[PDB]
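# A closer look at the structure
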Amino acid sequence: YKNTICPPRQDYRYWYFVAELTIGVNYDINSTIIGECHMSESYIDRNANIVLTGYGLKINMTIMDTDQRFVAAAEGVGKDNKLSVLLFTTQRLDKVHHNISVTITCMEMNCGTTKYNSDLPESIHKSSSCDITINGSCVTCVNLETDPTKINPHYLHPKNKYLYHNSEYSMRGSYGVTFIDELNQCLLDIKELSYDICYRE
Amino acid sequence: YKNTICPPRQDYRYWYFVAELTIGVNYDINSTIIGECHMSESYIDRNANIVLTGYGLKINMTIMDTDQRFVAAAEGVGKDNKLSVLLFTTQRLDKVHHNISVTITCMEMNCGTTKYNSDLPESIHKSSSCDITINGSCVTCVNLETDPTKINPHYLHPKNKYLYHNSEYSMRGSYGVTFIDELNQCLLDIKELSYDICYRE
Amino acid sequence: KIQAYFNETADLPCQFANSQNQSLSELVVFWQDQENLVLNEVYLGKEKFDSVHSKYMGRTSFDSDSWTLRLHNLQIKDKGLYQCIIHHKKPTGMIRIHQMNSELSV
Amino acid sequence: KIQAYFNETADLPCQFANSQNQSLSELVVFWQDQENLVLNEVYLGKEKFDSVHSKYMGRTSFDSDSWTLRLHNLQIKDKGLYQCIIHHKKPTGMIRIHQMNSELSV
């Protein structure tokens, strides 16, 4: 017996909180615009992929060697020009850490060629590497918390849907990079934050 | 790493105040007509170009050797038959002065062949030249303040948009020509002025 | 930017490099307040007072060798910045060639 | 998770394995509260106190051989969990390499 990924459907009623991306930008976004984010999902050859167009950025984030496909994403703008991204897949059918590759390109403001391309380790358990690459100089900092233990309280889940998140510390992963001379500051203020669910898929 | 111009989009949410054109006319325009100005933009071979049809004039203004494209323009009519033009590009990715070429043709009143074709220097820093040429005798005076430090207070920016302007004196440029025996008088009264955003692009 | 000293006499220099080395005989050299009132006027080497505002009437002097306006009997009101504008008069059209902005604190 | 004992002196270890075996001379080693206030900062082997919050000002110590923060004169308020964050400073970009979360009960 082998657990397999469920067949693709039009609407997914069961969501798994997989990632918590708080990419910062040095240009101003004032507030969360309803209906701004556009998400395109893919699952080809056991590799999940999500492309997020919104708030001046394209996020092509892919996970290697998984039985999960990205089914949802919610994007919000916090204070000090912070872009929080919440990602949801189907279900966790394995208890192993997965390799992550994220491409962050600027479609507005500081557009340009690749400024950064590196492997960001797990902060905890040191078991995987994030291939980050940034097409632009418009990103202040990147924070990706894979399989978080806590959902952001300002995100209101839909009524007909179901949400599951990780409850064990052993499956948490943290990747972070800063390009400015401040400790952390990838983390948000979470005092006045609102989330918008991306359009397609 | 090289900063590049952002890819073209349908609507541009980030605007950079690049120029302040106050072309005067000897014929009467009483007030700013809503929906009069029509703007056509171009970026071919690193040269920005804008064609402004409105209030009896066509303004074919182009900037050489730039990483900016004209994304917006706002036109208004002040007192003593003054035509203020505000121009907005994407962003300033270089700290050098750019060569400017402006063609002002009269489509109403004193239409005719080229009366003027010259190089107007920078008033400040003497670092660039404006190739001006005027197809008509209907222009009193031309004033072009490239990268101004102050926005005109009577121009009301759209709510969903963002505006950035120059804050350093070193990037200011001034070009001026008068064809009548009055000192200055390119500058407006700015007591009762209203602006209209041009239609296309 | 260049500033001036207290209530004795203010010096307002244009500081024209004159790179083309043209003469003052065809040059329009004049100064102006931040509220956009003309201070002095030179048309072709002769001072013209018609465009000079009445609040600055008969109270300024011009020196051609140093290209400087001397502003006598300073008051408390005139603490704003002053800009000097240099046009090049041509019969085809009058071309502004030089401007500069200076300050004045008393 | 690692906890500490009562109101004498709390030990907060990062427990870095240092698998690549890099030196502390280019390493940014620092601690932080659950309400996300910086405890101590090490930039390149020198403690910096500008980002340290005033409630923890002048009350913590650092030991480099044991990689441990010593937290003296414990109070009743600080019963939350404390996390230590280890970044690797590179001129291309500052990479977070290690984080760990410990607890504190007094």
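cryo-EM is the method the PDB entry states for this structure, with the resolution given as 3.12 Å.

## As for the overall build of chain C
Broken down by element type, chain C carries zero helices and seven strands. When the helices and strands of chain C are listed from N to C terminus, the series reads β-β-β-β-β-β-β. For a compact globule of 106 residues, the expected C-alpha radius of gyration is about 13 Å, and chain C comes in at 14 Å, within 12% of that figure. On the principal axes, the C-alpha backbone points of chain C span a range of 40 × 30 × 25 Å. Within chain C, the proportion of its 106 residues that are buried is 49%. Element-wise, carbon and sulfur atoms account for 49% of the exposed surface of chain C, whose accessible area totals about 5800 Å². For chain C, the distance from the average position of its 11 positive side-chain charges to the average position of its 12 negative side-chain charges is 6 Å.

## Describing the environment of D:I97
Structurally, D:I97 can be placed in strand β7 (residues 94-102). Classification of D:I97 by relative accessible area gives buried; the value is 14%. On a C-alpha basis, the gap between D:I97 and D:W31 in space is 14 Å, while along the polypeptide they are 66 residues apart. Once you skip the residues sitting within four places of it in the chain, D:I97 turns out to touch A:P121, A:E122, A:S123, A:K126, D:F16, D:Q22, D:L27, D:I86, D:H87 and D:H88.

## Concerning the state of the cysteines
Taken as a whole, this structure holds nine disulfides over all chains when the rule is applied. One disulfide in the model links B:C37 with B:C198; its S-S distance is 2.0 Å. Around the S-S axis, the bridge from B:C37 to B:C198 shows a dihedral of about 80° and counts as right-handed. Of this pair, B:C37 sits in the loop between β1 (14-24) and β2 (38-43) while B:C198 sits in the segment after β13 (195-197), placing them 161 residues apart in sequence. Residue B:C37 is classed as buried on the basis of its relative accessible area of 1%. Across the disulfide from C:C14 sits C:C84; the S-S distance is 2.0 Å. Placement of the pair is C:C14 in the loop between β1 (9-13) and β2 (28-32) and C:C84 in strand β6 (residues 82-88), with a sequence separation of 70 residues. Residue C:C84 is classed as buried on the basis of its relative accessible area of 1%. With no disulfide of its own, B:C130 has B:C186 as its nearest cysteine by sulfur position, at a separation of 12 Å.

## Remarks on the interface of chain A and chain B
Counting from both sides, the interface comprises 18 residues of chain A and, opposite them, 13 residues of chain B. Buried surface at the junction of chain A and chain B, both sides included, amounts to about 1300 Å², of which 52% is carbon and sulfur. When residues of chain A are sorted by the area they lose upon contact with chain B, A:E108, A:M109 and A:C111 head the list and together hold 44% of the total. A salt bridge links B:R13 to A:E108; the shortest N-O distance between them is 2.5 Å. Viewed at the interface, chain B and chain A are joined by six residue pairs in polar contact. When grouped by side-chain class, the residues that make up the side of chain A that touches chain B number six nonpolar, eight polar and four charged.

## Some details on the layout of surface pockets
Here the largest pocket is characterised by a volume of approximately 1500 Å³. Around the largest pocket, the lining comprises 48 residues; the ones closest to its centre are A:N184, A:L187, A:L188, D:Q32 and D:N36. Within the lining of the largest pocket, the residues separate by chemical class into 17 nonpolar, 14 polar and 17 charged. In this structure, the second largest pocket encloses a volume near 950 Å³. Of all the elements in the fold, those that place two or more residues in the lining of the second largest pocket are β1, β10 (141-146) and β12 (173-178) of chain B together with β6 and β7 (94-102) of chain C.

## Considerations on the pattern of salt bridges
All names here are of chain A. Evaluated as defined, the whole model comprises 19 salt bridges over all chains. The residue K161 makes a salt bridge to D11 at a minimum N-O spacing of 3.9 Å. Of this pair, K161 sits in the loop between β10 (141-146) and β11 (162-165) while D11 sits in the segment before β1 (14-24), placing them 150 residues apart in sequence. The exposure class of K161 is buried, given its relative accessible area of 14%.

## Quick look at the interface of chain A and chain D
The partner chain D presents 23 residues to the 23 residues of chain A that form the contact. With both sides pooled, the region where chain A packs onto chain D buries about 1700 Å², and carbon together with sulfur makes up 51% of that total. On inspection of chain A and its partner chain D, the count reaches one salt bridge. Residues D:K89 and A:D181 are paired through a salt bridge, measuring 4.0 Å at the closest nitrogen-oxygen approach. Across the contact surface, chain A and chain D share eight residue pairs in polar contact. Looking at the side of chain A that touches chain D, the elements that each hand over two or more residues are β8 (114-121), β10 and β12 (173-178) of chain A. Its residues assigned to classes, the side of chain A that touches chain D shows 10 nonpolar, seven polar and six charged. As defined by bridge partners, β12(A) adjoins β7(D) across two bridges and the pair is classed as antiparallel. Across the sheet, A:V177 pairs through a bridge with D:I95, a residue of β7(D).

## A short note on the nonpolar core
Residue and element names in this part refer to chain A. In this structure, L52, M61, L87 and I132 are the most contacted members of the largest nonpolar core, which totals 66 residues. No other element matches β1, which puts five residues into this core. Sequence-distant contacts of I132, that is, excluding residues within four places in its chain, are made with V102, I104, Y116, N117, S118, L120, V142 and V177.

## Things to note about the sheet that holds β8(A)
All names here are of chain A. Spatially, β2-β3-β4-β7-β9-β8 is the arrangement adopted by the six strands of the open sheet, whose pairing is mixed. Every other strand in the sheet has two partners, leaving β2 (38-43) and β8 as the edge strands with one partner each. Pairs of neighbouring strands in the sheet enclose a mean axial angle of 10°, with direction left out of account. Of the pairings in the sheet, the one linking strand β4 (residues 57-63) to strand β7 (residues 100-106) comprises seven bridges and is antiparallel in character. Residue pairing across strands places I59 opposite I104, the latter belonging to β7.

Conventions we followed
Residues numbered from 1 in each chain as written, not as in the entry; some residues may be left out. Chains lettered and ligands numbered in written order. Part of a larger assembly, values for the part shown. Heavy atoms only, no water. Helix = DSSP H or I, 4+ residues; strand = E, 2+ residues; numbered from the N terminus. Rg over C-alpha atoms; globule rule 2.2 N^0.38 Å. Buried < 20%, exposed > 50% of the residue type's maximum accessible area, 1.4 Å probe, protein only. Areas by Shrake-Rupley, 256 points an atom, 1.4 Å probe, with all protein chains shown as cover. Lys, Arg positive; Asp, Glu negative; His and termini not counted. Charge placed at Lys NZ, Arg CZ, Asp CG, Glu CD. Contact = heavy atoms within 4.5 Å. Disulfide = S-S within 2.5 Å. Buried area = accessible area lost by both parts, 1.4 Å probe. Salt bridge = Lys/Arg side-chain N within 4 Å of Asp/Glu carboxyl O. Polar contact = N/O pair within 3.5 Å; in protein donor to acceptor, adjacent residues only side chain to side chain. Nonpolar A, V, L, I, M, F, W, Y, C, P; charged D, E, K, R; others polar. 1 Å grid on protein atoms, 1.4 Å probe; cavity = no way out; pocket = protein on both sides within 12 Å on 5 of 7 lines; lining within 4 Å. Points joined across faces, edges and corners; volume = space filled by probe spheres on them. Pairing = 2+ DSSP bridges. Core = buried A, V, L, I, M, F, W, Y, C linked by side-chain atoms within 4.5 Å. Axes fitted to C-alpha atoms, helices over the stretch in contact; angles between N-to-C directions.

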